[PDB]
Amino acid sequence: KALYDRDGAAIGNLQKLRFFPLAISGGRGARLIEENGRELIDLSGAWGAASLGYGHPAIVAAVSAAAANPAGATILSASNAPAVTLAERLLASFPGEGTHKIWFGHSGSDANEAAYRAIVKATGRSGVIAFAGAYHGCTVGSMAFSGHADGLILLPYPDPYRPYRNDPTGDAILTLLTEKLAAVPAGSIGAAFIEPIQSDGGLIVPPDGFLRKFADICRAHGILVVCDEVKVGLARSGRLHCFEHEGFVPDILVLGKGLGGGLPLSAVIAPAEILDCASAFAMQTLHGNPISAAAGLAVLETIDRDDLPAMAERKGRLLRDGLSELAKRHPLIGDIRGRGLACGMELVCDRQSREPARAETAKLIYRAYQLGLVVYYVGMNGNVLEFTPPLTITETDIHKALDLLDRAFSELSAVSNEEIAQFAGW
Amino acid sequence: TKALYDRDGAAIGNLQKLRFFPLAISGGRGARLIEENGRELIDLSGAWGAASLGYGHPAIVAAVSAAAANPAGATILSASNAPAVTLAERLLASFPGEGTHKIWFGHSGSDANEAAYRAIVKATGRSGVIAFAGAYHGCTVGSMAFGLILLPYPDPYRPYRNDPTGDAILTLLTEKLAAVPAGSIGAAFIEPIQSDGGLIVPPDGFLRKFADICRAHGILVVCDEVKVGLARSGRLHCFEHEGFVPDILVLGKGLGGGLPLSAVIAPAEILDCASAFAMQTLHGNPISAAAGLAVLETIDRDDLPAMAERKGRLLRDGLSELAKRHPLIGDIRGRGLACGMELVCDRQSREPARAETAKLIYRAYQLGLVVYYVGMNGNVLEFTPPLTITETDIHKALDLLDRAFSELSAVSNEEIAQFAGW
Ligand SMILES: *Cc1c(COP(=O)(O)O)cnc(C)c1O
Ligand SMILES: *Cc1c(COP(=O)(O)O)cnc(C)c1O
Ligand SMILES: O=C1CCCCCN1
Ligand SMILES: O=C1CCCCCN1
């Protein structure tokens with residue numbers, strides 16, 4: 001009878017990543033509306049896909065006009081204007097050069113896979129560098145180089161809070177890179193996949209200067225540098241593109257989630273020679289469909305019009321300030337990290353040992369949900385709270401979210417172990 | 001203010017291009033695409049079958065606008081949402097079905113087929129697969145994976161081992177199964193009309209028989225209806241023409257009526273075997289879901305399978321008259337508004353007329369008609385228009401098609417060469 005019960009009866013568990021019985025019938029701004037009418041503040045923004053929140057007027061206007069008069073449904077066998085305009089608008093925002101082209105997909109998973117397959121096709125080099133704990137996607141293609149393909153080389157992420165080999169600079173990781181590359185035929189690696197802030201590892205910001213150095217090693221060895229900005233892309237970091245923080249430019253940019261503002265849309269920006277090496281090669285019927293592309297353009301126009309990078313920078317300091325405020329009261333909070341409106345809070349059993357508090361995290365978000373706050377956890381040990389709110393979230397929503405979060409830290413023990421065991425999580 | 005098609009060449013890479021002619025679209029209304037210059041073309045492609053309701057259908061506009069205005073979140077991964085749930089129930093209500101099956105939502109047929117295969121392997125441990133030569137299950141690593149028993153599709157127009165019944169294919173199947181351990185094959189993937197093969201309807205009874213053999217061996221029958229499902233065949237589900245019910249149904253293309261939306265209908269045990277297993281962030285998103293609902297609602301409301309059956313016969317009847325005037329036409333085939341026309345150099349030899357097929361669609365494009373070719377040989381014109389296409393739209397496209405056949409020589413080899421196509 002209830003919506004959550006019906007979901008359990010109609011929809012298989014295969015795609016479920018449930019942390020609590022959240023059941024939604026509506027949305028407005030940064031709020032989700034449960035079946036009964038209860039309002040929750042969404043600090044997850046659907047893992048960041050709701051870039052402009054819910055029922056944003058520019059999304060509404062864009063998608064309504066597109067549905068009323070659609071330019072076909074595909075970029076495969078026809079050129080259509082909404083996609084071409086979006087392709088140029090994405091091209092404009094990327095420097096460079098360039099000589100760069102767009103590939104459109106439905107998701108970050110299909111875009112990382114396309115990027116990979118295009119590289120191997122264009123160059124003949126199938127080897128891949130990727131980072132341990134990396135999330136590039138859940139398709140057979142994009143999982144092949146995600147964290148736990150042949151010629152896959154996995155490196156530790158430069159994690160300040162848990163430095164590899166207890167070297168805080170990351171120099172040991174670059175040294176490992178170097179040892180790994182010479183154990184392998186010269187010119188055999190075609191690509192290096194990089195998250196500028198590592199999402200699934202625990203929203204990890206790498207040590208300053210590391211990515212630039214890593215890219216320089218890559219460029220010196222013929223290896224194309226692929227920046228996977230699905231989670232942290234497009235203004236979320238407080239800059240239009242997250243690599244703008246790291247003093248390097250990737251050869252390839254992968255975009256997703258927030259790009260569609262609520263509709264399935266991803267994109268690969270890659271040199272022309274990579275995307276033109278084949279035709280009819282990586283394709284799905286509704287790729288570059290006009291409704292998705294229209295929304296994508298409404299996201300970009302709104303980013304520019306509202307200076308959303310500047311907003312995300314502002315609202316992110318406000319959010320991190322408040323979280324530090326909570327640390328001063330709650331011993332579980334070991335680490336606050338992030339850029340713009342991509343923030344992570346690591347919870348630990350002891351601030352010195354920095355041992356992961358998995359059970360408390362699960363109870364926390366469950367309680368948070370009961371109080372009216374949607375937040376999910378992420379990370380290797382399930383101990384990292386992830387904050388990726390709509391970029392249009394108001395300061396008033398953030399204050400309210402902080403009060404509810406404070407309340408959820410205090411009221412955590414209320415959650416029984418059997419309530420938590422109802423929900424498999426990751 | 002360059003040409004739209006030229007702007008396309010400069011911004012968008014070749015990787016996903018399946019281009020046969022310089023079609024550049026700025027609008028759509030019903031079964032008509034509107035090019036940049038304001039010429040309306042009758043769409044016989046319906047975007048490879050995705051535009052099931054055509055362009056600007058009121059039901060899609062109303063549902064999409066309302067969904068955009070008040071979205072129940074953006075995902076089904078981490079929240080339950082009402083539109084996704086309502087649509088899941090509706091799809092299960094359309095299948096038999098009750099309490100045995102569940103729904104998994106995707107973006108596309110490729111991911112839906114990939115999810116079905118991964119779920120089966122995970123649930124049953126049986127990784128072995130049966131599939132048909134020339135099959136199209138999608139264009140991702142996961143969906144092009146299909147260890148493998150490959151069979152010829154039973155094509156009445158091109159029999160296997162000199163057996164038009166198709167019974168030699170059932171015999172080969174029996175041999176391959178006997179040759180490999182019992183319980184090593186988990187799944188059989190079938191198109192009930194083979195799309196990439198060139199819209200081939202198999203001989204009567206073959207698939208029913210094929211399904212028996214599979215169940216006899218503990219093998220799940222997966223019916224891939226991404227192209228040909230949802231009212232398109234003259235029934236809601238194409239397997240209803242075939243006298244069997246599959247264990248798993250894959251749906252896509254027309255399902256979103258223009259948005260990306262796919263679905264797997266599978267036994268609960270297959271879909272409940274693991275969690276956080278096969279998932280992408282925008283899966284089950286409410287804007288696609290609402291669009292799926294509008295499609296299912298319109299199918300029932302404007303009796304679209306019956307309309308497809310009517311308009312299909314009228315289309316194929318018209319093409320048989322073209323065959324009386326144009327010797328190129330060798331076989332007209334299909335169910336409902338999913339039709340194929342195989343073009344041959346001799347009707348007895350059945351030798352494929354590839355070169356002439358390319359010119360035909362290029363020519364037809366110039367005339368105001370959107371239509372494409374498929375098949376291993378590049379000689380089968382696919383007809384998959386909006387289920388909404390009008391009786392007037394059909395007659396009008398038949399005249400243009402007639403005119404296209406008469407004017408093939410007007411299109412040169414150098415014009416054909418400018419477009420890479422397949
Ligand atoms: C979410 C994500 C993906 C995959 O996108 P989907 O839409 O879930 O397929 C890939 N890479 C990163 C870094 C992501 O965050
Ligand atoms: C189109 C199609 C697919 C794949 O759908 P995409 O959206 O192109 O990935 C799979 N099977 C059949 C029969 C199809 O027609
Ligand atoms: O059937 C088709 C044509 C091939 C490209 C993918 C869309 N679907
Ligand atoms: O980072 C995430 C969580 C895993 C499910 C896909 C959405 N993105």
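Keep in mind that the numbers below use all heavy atoms, side chains included, and drop hydrogens, waters and symmetry copies. Proteins come first, then strands; the chains are lettered A, B, ... in the order of their sequence lines, and each starts at number 1.
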A/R38 to A/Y369, cation-pi by 6.0 Å centre distance and 45° axis angle
yes
Out of curiosity, A/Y157 OH to A/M380 CE, how far, rounded to the nearest 0.5 Å?
12.5 Å
Sidechain-backbone polar pair: B/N285 side chain, B/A74 backbone, donor-acceptor under 3.5 Å:
no
Is there a donor-acceptor contact under 3.5 Å from the side chain of A/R18 to the main chain of B/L77?
yes
List the steps, then state whether salt bridge (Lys or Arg N to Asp or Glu O under 4.0 Å) holds for A/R28 with A/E39.
CA-CA 9 Å; A/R28 189 192 68 255; A/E39 299 192 339; 2.7 Å; yes
Here the pair of heavy atoms bringing B/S78 nearest to A/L22 is O-CD2, 4.4 Å
Testing the basics here: between A/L326 and A/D406, what is the closest heavy-atom pair and its distance to 0.1 Å?
CD2-N, 4.1 Å
Pair A/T139, B/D111: side-chain N/O donor-acceptor within cut-off below 3.5 Å
no
Locate the shortest heavy-atom distance separating A/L318 from A/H399; write the atom from each residue and the value.
CD1-CE1, 3.8 Å
For A/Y54, is the NZ or CZ atom of A/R31 found under 6.0 angstrom from the centre of its six-membered ring and inside 45 degrees of the ring axis?
no
Determine the sole option in A/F423, A/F19, A/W47 for which the ring-ring contact (aromatic ring centres under 6.0 Å, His included) test with A/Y377 is passed.
A/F19
Donor-acceptor contact present, side-chain A/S51 to main-chain A/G258, <3.5 Å
yes
Main-chain N/O of B/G284 paired with B/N81 side-chain donor or acceptor, under 3.5 Å
yes
Hey, mind stepping through A/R407 and A/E411 against salt bridge (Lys or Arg N to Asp or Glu O under 4.0 Å) and telling me if it holds?
CA-CA 6 Å; A/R407 196 143 130 58; A/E411 288 178 29; 2.4 Å; yes
Within the side chain of A/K231, is there an N or O that forms a donor-acceptor pair under 3.5 Å with the backbone of A/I197?
no
Whether A/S146 side chain and A/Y135 backbone form a donor-acceptor pair below 3.5 Å
no
Ring-plane angle category for A/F20 and A/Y376, please: parallel below 30°, perpendicular beyond 60°, tilted otherwise.
parallel
Is atom CG of B/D300 surrounded by more than 12 heavy atoms (other residues, nucleotides or ligands) closer than 6.0 Å?
no
Main-chain N/O of A/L341 paired with A/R236 side-chain donor or acceptor, under 3.5 Å:
yes
Strictly below 4.0 Å, N to O, side chains only: are A/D7 and A/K16 in salt-bridge contact?
yes
For A/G262 and B/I287 the tightest heavy-atom approach is O-CD1, 4.4 Å
Check: B/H237/B/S94 side-chain N/O donor and acceptor closer than 3.5 Å:
yes
I'd like to know if the side chain of A/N13 reaches the main chain of A/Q15, judged simply by a donor and an acceptor atom lying under 3.5 Å from each other, with no hydrogens or angles considered.
no
Is there a donor-acceptor contact under 3.5 Å from the side chain of A/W426 to the main chain of A/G379?
no
Kindly indicate, with the supporting measurements, whether the criterion side chain to side chain donor-acceptor pair (under 3.5 Å) is fulfilled by A/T394 and A/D397.
CA-CA 5 Å; A/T394 68; A/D397 285 332; 3.2 Å; yes
To the nearest 0.5 Å, how far apart are CG in A/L203 and CZ in A/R339?
11.5 Å
With under 30° as parallel and over 60° as perpendicular, where do the rings of A/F409 and A/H330 fit, or are they tilted in between?
parallel
The reported gap from OG in A/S199 to CG in A/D228 (rounded to nearest 0.5 angstrom) is 7.5 Å
Any side-chain heavy atom of B/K102 sitting closer than 4.5 Å to one from B/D272?
yes
Side-chain donor or acceptor of A/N112 paired with backbone N/O of A/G108 under 3.5 Å
yes
Verify whether one side chain among B/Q280 and A/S107 offers a donor that lies under 3.5 Å from an acceptor in the other.
yes
For the student: nearest non-hydrogen atoms of A/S109 and A/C138, plus distance
OG-N, 2.9 Å
Can you confirm whether A/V230 sits close enough to A/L255 that some side-chain heavy atom of one is under 4.5 Å from a side-chain heavy atom of the other?
no
Residue pair A/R320 / A/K315, side-chain heavy-atom distance below 4.5 Å
no
Taking only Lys NZ, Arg NE, NH1 and NH2, and the carboxylate oxygens of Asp or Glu, determine whether A/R162 and A/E346 approach each other closer than 4.0 Å.
yes
With no hydrogens and no angle check, do the side chains of A/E113 and A/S142 hold a donor and an acceptor under 3.5 Å apart?
no
For A/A401 and A/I41, the nearest pair of non-hydrogen atoms, with its separation, is N-CD1, 4.1 Å
May I ask you to decide whether A/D335 forms a salt bridge with A/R354, counting only side-chain N to carboxylate O separations under 4.0 Å?
no
Looking only at side chains, do A/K363 and A/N417 share a donor and an acceptor under 3.5 Å apart?
yes
Can you tell me how far the NZ atom of B/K122 sits from the OH atom of B/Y117, to the nearest 0.5 Å?
13.0 Å
